[PDB]
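Consider the single chain below, provided in structure tokens and representing the form deposited in one PDB entry.
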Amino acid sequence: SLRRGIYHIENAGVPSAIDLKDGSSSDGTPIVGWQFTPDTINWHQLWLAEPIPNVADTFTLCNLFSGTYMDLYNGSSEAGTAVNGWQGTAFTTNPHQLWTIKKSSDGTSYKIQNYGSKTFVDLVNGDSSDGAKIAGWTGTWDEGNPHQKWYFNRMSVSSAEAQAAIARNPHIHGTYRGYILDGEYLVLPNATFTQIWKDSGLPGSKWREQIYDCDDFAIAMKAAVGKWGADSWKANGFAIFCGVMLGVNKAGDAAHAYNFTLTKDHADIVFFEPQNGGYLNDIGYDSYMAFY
């Protein structure tokens, strides 16, 4: 089963993503194929998949930027029926907004079927151009047709996943305790994590004994990433990944406060020094506490 999470949804035949045109919140805004840049935030192309209770393999798909839902227009089973963004709710009973998502016959990509119409999300004619129509279309679960096949590229971690990446790190103190604050997290590219740091004003902050020292830098970075999240995205039900750690050096006589993020493959953490913007696989400290 596809897991709850945020996905960048990429056609299997051509490198077009599912894009809500201009990120618009208007009802009936077209969902189209569009090119994308890897290792960036693709602002109009992220989708929060919310599993429906007791309805196997069935989800709402909420655009992260607009807060509006993937909607098959009037639920029509006619081939060519528009797929658009439309107002809704995460656990709606409106079948126009409910999608059964299961692996295709290649075992890697998925097909996306409207729960009411039983038709599939289709990149019409396999057209790779920016703005190409996506429609509901007749199809089967098992056929090869790449027009109806979609890679769900996972852009978030659950809290259990973040905890696993931390636990595999070698720079964790024996007395470590971690404090989990949310359930599902958008993982940022370093380019974006850095941009938030820059825009927070921290690059200009001066270290001052106790009154603006390492703990203040680290907490300010976390707060800046939390503000960024709320100010940037209209969907609810996820957070943005940015941790704080306290750590102690090998000699046991100096402690430090810093941030952390996740690798691109989501399997490991990487430390961030908010006093200078650097990313480090070894910051010189073993973490005794984290919150994220």
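A residue's number is simply how far along the shown sequence it sits, counting from 1. So that the term is clear: the rigid core is the largest set of C-alpha atoms that superpose within 1.5 Å between two forms.
Another form exists, deposited in another entry; not displayed. Remarks below refer to it.
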{"property": "Single mover in 181, 82, 219, 90, with Cα shift of 2 Å or more between the shown form and the other one when the core is superposed", "result": "181"}
{"property": "Residue 252 C-alpha moves between the shown form and the other one by 2 Å or more, core aligned", "result": "yes"}
{"property": "Large Cα move at residue 132 between the shown form and the other one, threshold 2 Å, rigid core", "result": "no"}
{"property": "Rigid-core frame, C-alpha of residue 202, shift of 2 angstroms or more between the shown form and the other one", "result": "no"}
{"property": "Closer or farther in the other form: C-alpha pair residue 202, residue 181 (3 angstroms or more)", "result": "farther"}
{"property": "Distance direction in the other form for the C-alpha atoms of residue 176 and residue 227, relative to the displayed form (3 angstroms or more)", "result": "closer"}
